[PDB]
Amino acid sequence: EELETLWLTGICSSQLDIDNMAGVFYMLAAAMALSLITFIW
Amino acid sequence: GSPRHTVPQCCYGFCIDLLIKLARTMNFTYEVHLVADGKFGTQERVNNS
Amino acid sequence: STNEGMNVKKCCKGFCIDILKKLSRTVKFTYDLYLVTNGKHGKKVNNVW
Amino acid sequence: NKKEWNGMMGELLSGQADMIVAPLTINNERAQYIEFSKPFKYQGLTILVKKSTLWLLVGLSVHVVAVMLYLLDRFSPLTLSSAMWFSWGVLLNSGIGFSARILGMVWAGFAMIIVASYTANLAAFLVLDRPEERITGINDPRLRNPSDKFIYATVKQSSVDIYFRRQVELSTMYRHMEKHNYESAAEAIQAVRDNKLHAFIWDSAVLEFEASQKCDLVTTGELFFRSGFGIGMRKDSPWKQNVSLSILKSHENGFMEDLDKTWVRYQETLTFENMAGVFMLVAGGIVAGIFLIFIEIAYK
Amino acid sequence: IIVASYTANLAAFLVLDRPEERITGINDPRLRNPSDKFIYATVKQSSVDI
Amino acid sequence: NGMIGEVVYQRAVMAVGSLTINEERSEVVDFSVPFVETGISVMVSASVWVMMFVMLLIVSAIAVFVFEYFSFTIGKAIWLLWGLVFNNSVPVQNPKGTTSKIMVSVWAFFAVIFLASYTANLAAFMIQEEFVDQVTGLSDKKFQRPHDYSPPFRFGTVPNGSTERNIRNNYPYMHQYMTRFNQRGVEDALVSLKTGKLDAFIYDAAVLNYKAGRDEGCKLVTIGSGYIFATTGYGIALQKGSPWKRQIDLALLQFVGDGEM
Amino acid sequence: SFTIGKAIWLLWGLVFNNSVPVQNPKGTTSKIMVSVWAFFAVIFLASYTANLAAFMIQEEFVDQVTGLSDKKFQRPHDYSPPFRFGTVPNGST
Ligand SMILES: *[C@@H]1O[C@H](CO)[C@@H](O)[C@H](O)[C@H]1NC(C)=O
Ligand SMILES: *[C@@H]1O[C@H](CO)[C@@H](O)[C@H](O)[C@H]1NC(C)=O
Ligand SMILES: *[C@@H]1O[C@H](CO)[C@@H](O)[C@H](O)[C@H]1NC(C)=O
Ligand SMILES: *[C@@H]1O[C@H](CO)[C@@H](O)[C@H](O)[C@H]1NC(C)=O
Ligand SMILES: *[C@@H]1O[C@H](CO)[C@@H](O)[C@H](O)[C@H]1NC(C)=O
């Protein structure tokens with residue numbers, strides 16, 4: 001283990017997440033679809 | 001706890017299937033039996049000698 | 001032109017080198033470490049290693 | 001093919017000198033040939049280092065929301081500018097005096113998700129915007145296996161150079177530091193001052209005095225090879241015993257601490273950086289808005 | 001400013017600070033000089049004990 | 001007495017145990033080079049607001065210009081403005097000015113990003129964790145008189161030690177104030193600091209660093225790193241004129257120079 | 001007074017407080033209890049900001065291919081993006 005420690009040693013933007021925000025855009029699309037449902041009736 | 005009660009039971013698992021693979025590959029019958037204690041085994045001074 | 005070559009002395013270090021040095025200091029032998037000429041590890045090239 | 005000793009040991013062993021009074025880095029090699037005293041300073045080694053689309057997307061989004069709300073305003077089961085700036089004020093949380101209520105509900109929840117995501121963005125960038133180029137480690141594999149960008153060396157033919165020549169595996173460093181060895185320490189301070197030296201190995205309290213010179217002159221926190229600055233001497237010589245006794249006599253009282261008060265102890269995110277250019281760009285936007293307002297005055 | 005400081009130090013209270021629930025193996029000082037607190041052991045007469 | 005008495009009177013050869021290096025010991029024995037840095041120690045337990053005010057008066061002047069063009073929002077615009085800096089939903093005024101509505105929109109965007117940046121400043125103030133102290137070494141003005149402050153604090157050493165000789169050759173009056181504080185054991189003073197029966201404890205630096213580096217609780221805090229202190233080392237004492245000095249002095253520097261120390 | 005069915009959207013806007021036009025009631029009852037509920041809303045927004053502040057603690061992006069068991073390595077043309085995989089020649093692998 002000492003030799004393994006000696007010779008084998010290694011480590012370890014405003015557009016962050018379009019995925020979850022795009023899911024909220026899917027919620028927005030569901031909202032405008034429900035607005036169209038209330039619109040036609 | 002139990003000084004004299006030894007029964008045949010049913011063994012299965014990892015090394016059981018490994019031994020089954022060995023007995024299917026290599027021509028030998030076998031006899032699985034458990035160990036009398038719950039230890040791997042260490043070298044320690046016995047009473048005599 | 002010829003397959004003759006010089007045996008240039010070079011310096012080995014690393015992990016297995018330390019393993020070989022500690023094996024030499026424990027088993028207490030001597031050795032003449034050298035490098036391969038053919039290339040990689042090995043292959044049974046039509047019943048020829 | 002004869003060994004030689006240059007430098008202050010060259011002028012001492014030739015008889016031209018009598019006593020080395022200097023920041024003498026005590027090592028084993030110089031101890032094999034001359035004799036020392038007990039060190040006046042205890043001092044190690046250290047390193048001197050130096051110190052978008054979604055906005056326009058949300059704009060197009062509030063444009064589409066204003067379009068569909070004004071289509072609800074026309075197809076009801078300056079009203080145009082009032083409804084548009086009603087949507088803008090819902091977006092900007094200030095300055096406002098039935099499916100439109102549902103759409104404004106969804107848009108206001110969306111804008112609160114926007115400001116919460118910006119809160120997450122600033123909370124991420126107040127931690128992740130910290131340089132890993134500030135290594136602060138001799139045991140870094142970036143130092144063990146050197147990169148051509150990280151420029152580290154020391155004074156050419158120093159005691160630290162000999163100590164790195166001796167070290168157990170650092171011939172990789174010893175054949176890497178040969179590309180940037182310097183003669184004088186002042187040229188090393190000038191070269192790290194020009195941001196050329198990404199690292200520089202030197203004795204601790206020297207760079208700790210040089211830490212307060214300029215605010216970017218930063219020393220690392222690791223303390224390795226705890227050596228001593230002492231007074232260099234000859235061989236067996238009558239200036240060996242009582243001189244070391246007088247040094248330790250200076251150590252027992254505060255005279256060494258007086259000498260520390262002369263030079264050693266003596267030295268020589270916020271609301272500005274995140275807001276200065278923002279405030280100036282907002283002021284320029286106010287001026288351009290005033291120009292567009294005078295255009296609106298000349299409209300009517 | 002009070003509710004902003006409250007939000008900030010509650011985020012401090014639930015995000016940053018955390019006790020070391022693990023031991024990190026051989027690098028625990030509380031196993032170097034042990035006590036009745038960290039009860040560490042192994043199987044009696046095992047190769048780990050060897 | 002002790003190790004010095006065993007070395008001087010030639011009943012032994014060398015002392016390898018922990019031992020400080022001062023003047024009279026160096027008179028009576030020969031020391032090696034020190035290998036560990038061991039001193040002594042004491043153990044105990046606005047222009048942003050200005051430019052915001054300027055732009056506030058700029059915005060109020062533009063609202064005055066709105067009142068000049070196109071109605072009680074003369075001084076009330078300041079109240080609406082700094083209310084919507086923070087967006088407290090305060091009933092203030094209904095801005096009828098089109099210029100005023102656009103200016104309120106731009107200012108509210110600026111107010112949102114300003115409060116967001118202030119939350120960033122709150123987290124930045126939160127991440128930094130400082131460690132304030134009370135005594136900054138032996139040069140503390142508490143040590144000049146314990147009655148200068150109202151509770152008489154307790155500073156102590158170990159008996160018959162080299163630290164006592166270093167104090168009694170610095171200030172015998174400090175020894176006179178310490179005379180009522182002479183305690184016996186090192187762990188006795190450890191328990192006395194962990195309970196409250198002791199305020200300060202003057203001792204060697206490295207031993208207190210070893211005790212605090214393994215202490216369950218980390219309540220006891222060192223003072224610096226030996227800055228205003230004795231600043232010496234632990235060597236290996238030898239006999240007067242011993243031949244072993246050169247080999248030990250080379251070997252300790254080798255032990256430093258290979259990283260084995 | 002028209003806030004019979006409009007009280008849902010009104011209480012929504014009193015939860016979130018995004019400059020929603022609010023028909024303010026003349027009754028102390030809803031004033032006190034919607035003050036308590038909007039206090040809950042404010043501390044809920046504080047908790048949601050702390051949730052998004054805890055969102056940046058972790059640092060881990062998952063792998064693309066789990067290993068040899070993938071049918072990408074079994075068949076490369078069945079998958080539309082082309083990828084390449086290599087070894088060393090004449091080796092044990
Ligand atoms: C095993 O060996 C015996 C004789 O050694 C042979 O008769 C038998 O057929 C073998 N069985 C298998 C499964 O190879
Ligand atoms: C054998 O050794 C064990 C261990 O000390 C002891 O307890 C036991 O009494 C011994 N047996 C006899 C017969 O004395
Ligand atoms: C060193 O000091 C001692 C006593 O102080 C004195 O006897 C001796 O002569 C001194 N030696 C030299 C070389 O000054
Ligand atoms: C300190 O020295 C005195 C003087 O001889 C002695 O009586 C005492 O036993 C010593 N030890 C202590 C106080 O622990
Ligand atoms: C692999 O083996 C073949 C066999 O002839 C040889 O031609 C080739 O050069 C080898 N490749 C290597 C060693 O990289």
# chains A, B, ... in the order shown; residues from 1 in each chain; ligands from 1
>>> select_by_dssp(residues="stretch 32-68 of chain G", states="helix (DSSP H, G or I)", output="NGL selection string")
:G and (32-54)
>>> write_last_selection(atoms="C-alpha atoms", output="mmCIF file, in the first residue's frame")
data_model
loop_
_atom_site.group_PDB
_atom_site.id
_atom_site.type_symbol
_atom_site.label_atom_id
_atom_site.label_comp_id
_atom_site.auth_asym_id
_atom_site.auth_seq_id
_atom_site.Cartn_x
_atom_site.Cartn_y
_atom_site.Cartn_z
ATOM 1 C CA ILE G 32 -54.707 37.796 10.072
ATOM 2 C CA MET G 33 -54.842 34.290 8.626
ATOM 3 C CA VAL G 34 -53.505 35.241 5.184
ATOM 4 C CA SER G 35 -50.751 37.108 7.043
ATOM 5 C CA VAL G 36 -49.901 33.819 8.776
ATOM 6 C CA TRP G 37 -50.177 31.943 5.470
ATOM 7 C CA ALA G 38 -48.002 34.462 3.636
ATOM 8 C CA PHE G 39 -45.468 34.197 6.460
ATOM 9 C CA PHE G 40 -45.512 30.489 5.627
ATOM 10 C CA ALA G 41 -45.092 31.509 1.978
ATOM 11 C CA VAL G 42 -42.050 33.682 2.775
ATOM 12 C CA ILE G 43 -40.349 30.934 4.761
ATOM 13 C CA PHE G 44 -41.317 28.471 2.007
ATOM 14 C CA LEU G 45 -39.501 30.666 -0.506
ATOM 15 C CA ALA G 46 -36.551 30.774 1.893
ATOM 16 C CA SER G 47 -36.643 26.967 2.044
ATOM 17 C CA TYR G 48 -36.878 26.735 -1.752
ATOM 18 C CA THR G 49 -33.859 29.003 -2.161
ATOM 19 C CA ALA G 50 -32.060 26.813 0.384
ATOM 20 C CA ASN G 51 -33.105 23.779 -1.687
ATOM 21 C CA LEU G 52 -31.567 25.326 -4.792
ATOM 22 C CA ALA G 53 -28.516 26.237 -2.688
ATOM 23 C CA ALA G 54 -28.222 22.571 -1.710
#
>>> residues_near_ligand(ligand="ligand 3", cutoff="6 Å", atoms="only C-alpha atoms and all ligand atoms", output="PDB file with C-alpha atoms, in the first residue's frame")
ATOM      1  CA  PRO D 238      38.025  30.096  19.011  1.00  0.00           C
ATOM      2  CA  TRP D 239      35.036  32.020  17.587  1.00  0.00           C
ATOM      3  CA  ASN D 242      31.150  32.110  22.916  1.00  0.00           C
TER       4      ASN D 242
END
>>> closest_atom_pairs(of="chain E", to="chain F", cutoff="10 Å", atoms="only C-alpha atoms", output="JSON lines")
{"residue": "E:1", "atom": "CA", "partner": "F:86", "partner_atom": "CA", "distance": 9.1}
{"residue": "E:4", "atom": "CA", "partner": "F:119", "partner_atom": "CA", "distance": 6.9}
{"residue": "E:5", "atom": "CA", "partner": "F:122", "partner_atom": "CA", "distance": 7.0}
{"residue": "E:7", "atom": "CA", "partner": "F:119", "partner_atom": "CA", "distance": 8.6}
{"residue": "E:8", "atom": "CA", "partner": "F:122", "partner_atom": "CA", "distance": 6.3}
{"residue": "E:9", "atom": "CA", "partner": "F:126", "partner_atom": "CA", "distance": 7.5}
{"residue": "E:11", "atom": "CA", "partner": "F:123", "partner_atom": "CA", "distance": 8.7}
{"residue": "E:12", "atom": "CA", "partner": "F:126", "partner_atom": "CA", "distance": 7.4}
{"residue": "E:16", "atom": "CA", "partner": "F:127", "partner_atom": "CA", "distance": 8.7}
{"residue": "E:29", "atom": "CA", "partner": "F:214", "partner_atom": "CA", "distance": 7.0}
{"residue": "E:30", "atom": "CA", "partner": "F:216", "partner_atom": "CA", "distance": 7.9}
{"residue": "E:32", "atom": "CA", "partner": "F:214", "partner_atom": "CA", "distance": 9.2}
{"residue": "E:33", "atom": "CA", "partner": "F:214", "partner_atom": "CA", "distance": 8.4}
>>> write_last_selection(atoms="N, CA and C atoms", output="mmCIF file, in the first residue's frame")
data_model
loop_
_atom_site.group_PDB
_atom_site.id
_atom_site.type_symbol
_atom_site.label_atom_id
_atom_site.label_comp_id
_atom_site.auth_asym_id
_atom_site.auth_seq_id
_atom_site.Cartn_x
_atom_site.Cartn_y
_atom_site.Cartn_z
ATOM 1 N N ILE E 1 -34.079 43.107 5.268
ATOM 2 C CA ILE E 1 -32.724 42.660 5.581
ATOM 3 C C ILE E 1 -32.753 41.572 6.652
ATOM 4 N N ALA E 4 -33.840 38.419 4.740
ATOM 5 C CA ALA E 4 -32.751 37.985 3.875
ATOM 6 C C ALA E 4 -31.646 37.321 4.682
ATOM 7 N N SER E 5 -31.314 37.887 5.849
ATOM 8 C CA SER E 5 -30.358 37.244 6.742
ATOM 9 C C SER E 5 -30.897 35.926 7.283
ATOM 10 N N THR E 7 -33.010 33.894 5.614
ATOM 11 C CA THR E 7 -32.850 32.971 4.494
ATOM 12 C C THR E 7 -31.402 32.519 4.351
ATOM 13 N N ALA E 8 -30.461 33.455 4.514
ATOM 14 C CA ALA E 8 -29.045 33.146 4.354
ATOM 15 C C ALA E 8 -28.547 32.200 5.440
ATOM 16 N N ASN E 9 -28.869 32.476 6.706
ATOM 17 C CA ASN E 9 -28.347 31.579 7.726
ATOM 18 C C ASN E 9 -29.170 30.302 7.870
ATOM 19 N N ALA E 11 -30.065 28.703 5.049
ATOM 20 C CA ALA E 11 -29.309 27.989 4.028
ATOM 21 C C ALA E 11 -27.951 27.546 4.559
ATOM 22 N N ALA E 12 -27.343 28.355 5.427
ATOM 23 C CA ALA E 12 -26.136 27.932 6.130
ATOM 24 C C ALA E 12 -26.414 26.753 7.051
ATOM 25 N N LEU E 16 -24.452 23.851 4.397
ATOM 26 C CA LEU E 16 -23.000 23.744 4.502
ATOM 27 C C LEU E 16 -22.574 22.801 5.621
ATOM 28 N N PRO E 29 -8.460 10.129 14.107
ATOM 29 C CA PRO E 29 -7.722 10.282 15.370
ATOM 30 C C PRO E 29 -8.446 9.697 16.568
ATOM 31 N N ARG E 30 -9.772 9.572 16.513
ATOM 32 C CA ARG E 30 -10.535 9.021 17.624
ATOM 33 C C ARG E 30 -10.430 7.506 17.722
ATOM 34 N N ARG E 32 -7.220 6.265 17.046
ATOM 35 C CA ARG E 32 -5.836 6.169 17.492
ATOM 36 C C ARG E 32 -5.764 6.081 19.010
ATOM 37 N N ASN E 33 -6.500 6.952 19.699
ATOM 38 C CA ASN E 33 -6.668 6.904 21.149
ATOM 39 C C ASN E 33 -8.148 6.654 21.413
#
>>> residues_around(residues="stretch 22-39 of chain C", least_positions_apart="4", cutoff="10 Å", atoms="only C-alpha atoms", output="compact mmCIF listing (two decimals) with C-alpha atoms, in the first residue's frame")
# COMPACT_ATOMS: atom_id res chain seq x y z
CA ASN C 7 23.37 -3.13 -24.97
CA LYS C 9 22.75 0.58 -19.91
CA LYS C 10 19.63 2.46 -18.81
CA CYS C 11 17.85 3.16 -15.52
CA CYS C 12 14.68 1.36 -14.38
CA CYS C 16 7.41 -3.41 -10.16
CA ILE C 17 11.01 -2.22 -9.87
CA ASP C 18 10.42 -1.50 -6.18
CA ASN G 90 -0.90 -8.28 -30.44
>>> closest_residue(among="F:112, F:229, F:24, F:2", to="ligand 4", atoms="only C-alpha atoms and all ligand atoms")
F:2
>>> atom_distance(atom1="atom CA of residue D:195", atom2="atom CA of residue D:267")
22.9 Å
>>> residues_around(residues="residue F:256", least_positions_apart="3", cutoff="9 Å", atoms="only C-alpha atoms", output="PDB file with N, CA and C atoms, in the first residue's frame")
ATOM      1  N   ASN D  27      22.300  22.717   5.715  1.00  0.00           N
ATOM      2  CA  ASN D  27      22.076  21.411   5.122  1.00  0.00           C
ATOM      3  C   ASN D  27      23.230  20.491   5.496  1.00  0.00           C
ATOM      4  N   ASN D  28      23.105  19.225   5.098  1.00  0.00           N
ATOM      5  CA  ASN D  28      24.071  18.214   5.510  1.00  0.00           C
ATOM      6  C   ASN D  28      25.400  18.376   4.781  1.00  0.00           C
ATOM      7  N   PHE D 225      10.521  21.183   5.096  1.00  0.00           N
ATOM      8  CA  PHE D 225      11.965  21.324   5.303  1.00  0.00           C
ATOM      9  C   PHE D 225      12.256  22.468   6.282  1.00  0.00           C
ATOM     10  N   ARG D 226      11.842  22.231   7.525  1.00  0.00           N
ATOM     11  CA  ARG D 226      12.031  23.207   8.589  1.00  0.00           C
ATOM     12  C   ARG D 226      13.506  23.306   8.940  1.00  0.00           C
ATOM     13  N   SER D 227      14.195  24.256   8.327  1.00  0.00           N
ATOM     14  CA  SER D 227      15.629  24.405   8.478  1.00  0.00           C
ATOM     15  C   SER D 227      15.934  25.614   9.353  1.00  0.00           C
TER      16      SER D 227
ATOM     17  N   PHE F  35      16.622  19.618  15.920  1.00  0.00           N
ATOM     18  CA  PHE F  35      15.936  19.027  14.786  1.00  0.00           C
ATOM     19  C   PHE F  35      14.448  19.332  14.757  1.00  0.00           C
ATOM     20  N   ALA F 251      24.073  13.179  11.072  1.00  0.00           N
ATOM     21  CA  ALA F 251      22.989  12.221  10.897  1.00  0.00           C
ATOM     22  C   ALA F 251      21.624  12.870  11.087  1.00  0.00           C
ATOM     23  N   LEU F 252      21.521  13.837  12.004  1.00  0.00           N
ATOM     24  CA  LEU F 252      20.252  14.540  12.177  1.00  0.00           C
ATOM     25  C   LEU F 252      19.929  15.392  10.960  1.00  0.00           C
ATOM     26  N   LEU F 253      20.946  16.016  10.369  1.00  0.00           N
ATOM     27  CA  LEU F 253      20.713  16.790   9.160  1.00  0.00           C
ATOM     28  C   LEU F 253      20.410  15.890   7.973  1.00  0.00           C
ATOM     29  N   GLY F 259      13.687  13.670   4.271  1.00  0.00           N
ATOM     30  CA  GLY F 259      12.269  13.674   4.566  1.00  0.00           C
ATOM     31  C   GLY F 259      11.818  12.625   5.554  1.00  0.00           C
ATOM     32  N   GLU F 260      12.750  11.902   6.171  1.00  0.00           N
ATOM     33  CA  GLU F 260      12.396  10.867   7.132  1.00  0.00           C
ATOM     34  C   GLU F 260      11.954  11.474   8.459  1.00  0.00           C
ATOM     35  N   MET F 261      12.504  12.642   8.802  1.00  0.00           N
ATOM     36  CA  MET F 261      12.022  13.392   9.956  1.00  0.00           C
ATOM     37  C   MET F 261      10.590  13.858   9.740  1.00  0.00           C
TER      38      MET F 261
END
>>> interface_residues(of="chain C", to="chain G", cutoff="9 Å", atoms="only C-alpha atoms", output="list in words")
residues 40, 41, 42 and 43 of chain C
>>> write_last_selection(atoms="C-alpha atoms", output="PDB file, in the first residue's frame")
ATOM      1  CA  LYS C  40       5.226  -6.809 -26.226  1.00  0.00           C
ATOM      2  CA  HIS C  41       4.285  -9.453 -23.667  1.00  0.00           C
ATOM      3  CA  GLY C  42       3.638 -12.619 -25.653  1.00  0.00           C
ATOM      4  CA  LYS C  43       1.364 -14.603 -27.951  1.00  0.00           C
TER       5      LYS C  43
END
>>> residues_around(residues="stretch 167-184 of chain F", least_positions_apart="6", cutoff="7 Å", atoms="only C-alpha atoms", output="ChimeraX atom specification")
/D:253 /F:154-159
>>> write_last_selection(atoms="N, CA and C atoms", output="mmCIF file, in the first residue's frame")
data_model
loop_
_atom_site.group_PDB
_atom_site.id
_atom_site.type_symbol
_atom_site.label_atom_id
_atom_site.label_comp_id
_atom_site.auth_asym_id
_atom_site.auth_seq_id
_atom_site.Cartn_x
_atom_site.Cartn_y
_atom_site.Cartn_z
ATOM 1 N N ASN D 253 16.463 36.367 25.886
ATOM 2 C CA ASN D 253 15.759 37.613 26.115
ATOM 3 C C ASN D 253 15.020 38.018 24.841
ATOM 4 N N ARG F 154 -5.509 33.398 35.816
ATOM 5 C CA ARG F 154 -4.574 32.401 36.321
ATOM 6 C C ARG F 154 -3.656 31.959 35.188
ATOM 7 N N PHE F 155 -2.388 32.351 35.268
ATOM 8 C CA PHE F 155 -1.354 31.876 34.361
ATOM 9 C C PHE F 155 -0.375 31.022 35.156
ATOM 10 N N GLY F 156 0.022 29.884 34.587
ATOM 11 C CA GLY F 156 0.839 28.952 35.336
ATOM 12 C C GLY F 156 1.866 28.250 34.477
ATOM 13 N N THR F 157 2.836 27.644 35.165
ATOM 14 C CA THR F 157 3.867 26.819 34.545
ATOM 15 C C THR F 157 3.955 25.479 35.264
ATOM 16 N N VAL F 158 4.983 24.699 34.952
ATOM 17 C CA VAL F 158 5.276 23.466 35.677
ATOM 18 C C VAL F 158 6.447 23.751 36.612
ATOM 19 N N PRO F 159 6.570 23.070 37.755
ATOM 20 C CA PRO F 159 7.637 23.419 38.698
ATOM 21 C C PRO F 159 9.005 22.949 38.232
#
>>> residues_around(residues="stretch 15-23 of chain A", least_positions_apart="5", cutoff="9 Å", atoms="only C-alpha atoms", output="list in words")
residues 28 of chain A; 52, 53, 54, 113, 114, 117 and 121 of chain D
>>> closest_atom_pairs(of="chain E", to="chain B", cutoff="12 Å", atoms="only C-alpha atoms", output="Markdown table")
| residue | atom | partner | partner_atom | distance |
| --- | --- | --- | --- | --- |
| E:42 | CA | B:39 | CA | 11.7 |
| E:43 | CA | B:39 | CA | 8.0 |
| E:44 | CA | B:39 | CA | 7.2 |
| E:45 | CA | B:42 | CA | 5.6 |
| E:46 | CA | B:40 | CA | 5.6 |
| E:47 | CA | B:40 | CA | 7.2 |
| E:48 | CA | B:40 | CA | 10.1 |
| E:49 | CA | B:42 | CA | 8.9 |
| E:50 | CA | B:42 | CA | 7.6 |
>>> interface_residues(of="chain C", to="chain A", cutoff="9 Å", atoms="only C-alpha atoms", output="list in words")
residues 14, 15, 18 and 19 of chain C
>>> write_last_selection(atoms="N, CA and C atoms", output="PDB file, in the first residue's frame")
ATOM      1  N   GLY C  14      10.048   2.686 -10.863  1.00  0.00           N
ATOM      2  CA  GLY C  14       8.614   2.482 -10.895  1.00  0.00           C
ATOM      3  C   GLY C  14       8.080   1.585  -9.800  1.00  0.00           C
ATOM      4  N   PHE C  15       6.980   0.892 -10.087  1.00  0.00           N
ATOM      5  CA  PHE C  15       6.284   0.083  -9.092  1.00  0.00           C
ATOM      6  C   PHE C  15       6.874  -1.323  -9.002  1.00  0.00           C
ATOM      7  N   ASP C  18      10.369  -1.492  -7.634  1.00  0.00           N
ATOM      8  CA  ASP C  18      10.424  -1.504  -6.176  1.00  0.00           C
ATOM      9  C   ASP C  18      10.037  -2.870  -5.627  1.00  0.00           C
ATOM     10  N   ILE C  19       9.086  -3.539  -6.290  1.00  0.00           N
ATOM     11  CA  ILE C  19       8.713  -4.898  -5.903  1.00  0.00           C
ATOM     12  C   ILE C  19       9.893  -5.847  -6.075  1.00  0.00           C
TER      13      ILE C  19
END
>>> residues_around(residues="residue F:219", least_positions_apart="6", cutoff="10 Å", atoms="only C-alpha atoms", output="PyMOL selection string")
chain F and resi 44-45+193-194+212
>>> write_last_selection(atoms="C-alpha atoms", output="mmCIF file, in the first residue's frame")
data_model
loop_
_atom_site.group_PDB
_atom_site.id
_atom_site.type_symbol
_atom_site.label_atom_id
_atom_site.label_comp_id
_atom_site.auth_asym_id
_atom_site.auth_seq_id
_atom_site.Cartn_x
_atom_site.Cartn_y
_atom_site.Cartn_z
ATOM 1 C CA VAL F 44 -5.807 29.061 26.805
ATOM 2 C CA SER F 45 -9.295 27.967 25.760
ATOM 3 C CA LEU F 193 -8.225 24.510 31.811
ATOM 4 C CA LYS F 194 -11.003 22.117 30.774
ATOM 5 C CA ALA F 212 -4.247 20.145 21.418
#
>>> atom_distance(atom1="atom CA of residue D:58", atom2="atom CA of residue F:89")
24.2 Å
>>> residues_near_ligand(ligand="ligand 2", cutoff="10 Å", atoms="only C-alpha atoms and all ligand atoms", output="short mmCIF file (atom, residue, chain, number, x, y, z; two decimals) with N, CA and C atoms, in the first residue's frame")
data_model
loop_
_atom_site.label_atom_id
_atom_site.label_comp_id
_atom_site.auth_asym_id
_atom_site.auth_seq_id
_atom_site.Cartn_x
_atom_site.Cartn_y
_atom_site.Cartn_z
N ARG B 45 -2.12 -21.30 21.11
CA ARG B 45 -1.58 -22.34 21.98
C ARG B 45 -2.70 -23.20 22.54
N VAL B 46 -2.61 -24.51 22.31
CA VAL B 46 -3.53 -25.48 22.89
C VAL B 46 -3.01 -25.77 24.30
N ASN B 47 -3.81 -26.48 25.11
CA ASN B 47 -3.46 -26.82 26.49
C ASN B 47 -2.15 -27.59 26.59
N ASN B 48 -2.11 -28.79 26.02
CA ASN B 48 -0.96 -29.66 26.17
C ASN B 48 0.18 -29.27 25.23
#
>>> atom_distance(atom1="atom CA of residue F:87", atom2="atom CA of residue F:113")
12.1 Å
>>> residues_near_ligand(ligand="ligand 1", cutoff="8 Å", atoms="only C-alpha atoms and all ligand atoms", output="PyMOL selection string")
chain B and resi 24+26-28
